Every structure is written in structure tokens, then in C-alpha cells.
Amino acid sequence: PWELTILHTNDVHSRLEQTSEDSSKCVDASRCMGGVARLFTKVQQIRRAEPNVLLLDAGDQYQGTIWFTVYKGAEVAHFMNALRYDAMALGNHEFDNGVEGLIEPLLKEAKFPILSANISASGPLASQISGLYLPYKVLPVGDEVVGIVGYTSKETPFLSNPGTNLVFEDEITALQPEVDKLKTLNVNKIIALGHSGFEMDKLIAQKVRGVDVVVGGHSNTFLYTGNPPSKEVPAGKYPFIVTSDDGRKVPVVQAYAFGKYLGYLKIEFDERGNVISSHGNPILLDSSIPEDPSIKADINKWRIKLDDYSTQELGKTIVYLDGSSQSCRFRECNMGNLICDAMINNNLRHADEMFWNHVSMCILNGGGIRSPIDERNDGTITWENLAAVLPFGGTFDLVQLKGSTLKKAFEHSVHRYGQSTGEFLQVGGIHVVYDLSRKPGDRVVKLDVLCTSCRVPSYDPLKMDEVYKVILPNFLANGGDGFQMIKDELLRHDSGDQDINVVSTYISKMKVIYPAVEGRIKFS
């Protein structure tokens, strides 16, 4: 049999440095995980041992830490080139800086192919970008070849800033003719590498004839065979076996996110490229694996410009930014309003004639706001100041919630009001009135929401059966602060931009800010 070792990462999201167990800042080095210097050690060890190795990335290297804010993808090309990645699929967050922010730092500087079969360009962009990403690449591996076919979330226009000159086609529709073309070119081993999420990965494995393996991402899916090595709870076995429409067993893999794990799948192929067997497991990149000293020293050199950037003025405030618990856990606070306005600004995407913007609404746990910012330092706001407000390394995500779910979340917001608890919600595009004399669960007396399917934004009563898009912290999307109804009832969840970066970009855009408390939250 011909044996291939697939090593794979996805949704690394700017975790160039080692992290804590929860993928936020590394505080206790001896317990820290991931980062590219540790990944280099482990990939080097595996490449010593296994003859036929591919190292693949399923997208979303962009967006997540100050590394991306400052280096804008140059860090991705540089450190993925140092690791000698064999191929990468485009993720949604590779469009966060527009097509121009993908072409210049990443497509022009990567020394490996960057893939997506379901993105097409029109106009002058088509000539500008031609061949800078590819539908597939055929790579030599020992004396064999392997075809790698890329794909990217059809939803990317709602989840990033790709512009109006790219079209994201249905994945399966685009992939099939490319896979059939590779078989006519005598390429009998085919990996589908792409960035649409675990549910679409299973559909691709099921329906795209000739795909042997699916390496996916986007959904931060953790798969494992056995007792899990850390806190992540598996969504299924590694690999996840799909039975294809033509009767083949097709492994589907993913490797969580944030560079915490290295995916590792061993495939045995027969002479005709049929999979005989597949087995493996993600490897937890814990402190038992040393950081490569060379890569670490390069990371430490690149860190200097981050430390310099962290104390630069982003913009000014002329108002005290009240991020105190005594305000933000009890009533509308102007820091809360600022953060939710930045969250809605971050989620302005290209719109139909059918909506002014696809999302208008924001909730934010007040316990997630961890500092005020004083305006008496000549009004300056720095990244360092924002990192005190937002220290947890979260994201501002996009969910779809029925009105009934969101009414339950606002009841939960005040169910035990008066204890300085974190679940009290700050808001944008929502006006809420509580009556704290009512029974817990019946305290919301008015709840009005800003329309999306309207040319003039205005407020209407929340409808229990209607599904709303909402921007909220990943902490809440995952049921933090007791919001089990959000986790259990949400209809869609896509991870968004780094919390600090959302607020820093908005302050930079606005130059001078003066958020008010204006009656988004009232008590009767």
C-alpha cells in the first residue's frame, strides 16, 4: 500500500505565539500551548519519521490577534513559508482586508499554492488575480502525485469583505468538474481542502465523486478517537467517516482552531488510489513539545513592532469611557454602547436592495467589559487601553436567533438583578425596558429592534417567531454567563473578528469619539 501522512491546521486565527489553554494570551509559559515555533518542532519530528507527508491549511490564518492588525498577512506568508506548508485553502477571513489585502501580503508572498475552486472574478480584477489562487494543485509526493482541490464558504460575502467583483459559487457544483478533470489527467488520489464548515465538509464527502479525503475548517470542529487530551469536547470520531453516494468510506477531518492541535491522518491507498484505511488523531501542542529556538527567536524579533504599536494613539475620546462594573452590570453604560456600535460597524457588508445592512443588532455581556478609559490623557486611546477593557481574546460573532430566544436572553440579563453579575446586557440596535418589580422571567416589558429589511432604519417590536441576526461575543454564543438558550436555540453561528481589533478599527475610523448613554436600556 502507499501510505500518506496528512498534517493539517485550520482557523489558526493569528495565534503566531503560544497561548493559554483557552487560546488567549500566554501567562503561565510552562502550561502554554500551540504557536508556530512549537508547531515547527512537531512537523519537523514527523517529517523525519514518515516518508510521504503533506502539511495543509484549511484557511482562516487571517484575523485574531495584534499580529494581524500590524502585519496584515505578512506574518502568515512568512511563518507558513518557514513551516513549508504544501497548500492552503482560502478561508472567509482571508477577505477581511478586501481582495487587495489578500493579493499583496499573502498571494504574492506564499511559496505554496493557495486554493479555491468556487471563487470567480469578473472585470479587470479577473486579469489582476488570474493564477494567484488556483482551483487545485497536483503535488508530487515521493513517486506519486496527489491532487488538492480547494473550496471556500459560499457565505463569505456575509462574513468578510470580499467586495462585489468576486462570486462565491456553491461548493459541490464547482468541485465536481475539477475532480472529474483530475481523474482524466490520471490523478487518482484527491484531497478536498477547504473552508465551509463541518456540515458542508460531510456533504462534499457524500456527494463529490472521486474525493478520497476532506480536510475542513471554519466551524472550529474538534474530532477525536478516544479519551480527549484537553478541555475540547469532540463533535465525533477522528476521522469522521462519511459513506459516499458511490459506496466509498470517505474520511472527514478538522483540527479545532487557534493552532492548539496539529491534525494527523494516515491514509493507505491501493495502486488505483482507493483508500484502504485511514486513522489518526489531532496532536495537542502542549508544553511537553519544545518551541523551536530559531522560529521562537524570529517570533521575538517580529514582536518588537507589535509592542511599539500597542502604545500608539489610535484615536481620541472627549468623554470618559465608563467601563466600570457599577455602571455596565446595572444600567446602560457608554463603553457598552461604543463596543456595540463598533460591532455593528465591523459587520457592514455588501447589501441587496433588500436590506440597508444584513445585521442591525448587538448584545454584549456587561461582565465582559473589564476597564474604563479615562479621557484626561489628552484624550488618547491606545491598543493597550483597549486590551484592558477586552482582555479575554474573544471574537464578536454573528448568530441567528428567534425573537423568542432573544426575549429569553433579556429575561436572563435581569433574572437576579442587583448582584453585580456579568450577564446584564449592553446593546446596539435594541431598545429594552425592564420592570424589576415583576417576577424573574417576566421583567421585559418592551423590546424593540432596528429593522434590516428597510431603506430607513427604524425600531419595531420584536416578533417571537422572526429570526434575527445578532452580533455578540463568542463567549455568549457558546452559552457563557448562563445563556444556555442562545447555545441551544441558535440557528446559525459564524465566528467573527477579534474583540479588541473590532473596537480599535472603529475608533481609528471615527478619530474622535463621544459615546452617550441615550436610553437603549430603561427601567420602569
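A residue's number is simply how far along the shown sequence it sits, counting from 1.
- For the two regions 394 to 402 and 121 to 129, the entry's Cα B-factors average higher over 121 to 129.
- Set 455 to 463 against 59 to 67 and average the Cα temperature factors; 455 to 463 ends up higher.
- Per the deposited coordinates, the residue with the largest Cα temperature factor out of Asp308, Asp86, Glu411, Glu94 is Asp308.
- Across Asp246, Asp341, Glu332, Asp201, the entry's maximum B-factor at the CA atom is seen for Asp246.
- The deposited CA B-factor of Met33 belongs to the highest third of values across its chain.
- Per-chain ranking of the deposited C-alpha B factor places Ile513 in the middle third.
- Ranked within its chain, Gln45 lands in the middle third, by CA B factor from the PDB record.
- In the PDB entry, a CA B factor belonging to the middle third of its chain's modelled residues is recorded for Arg416.
- Sort the chain's modelled residues by C-alpha temperature factor and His78 lands in the middle third, per the entry.
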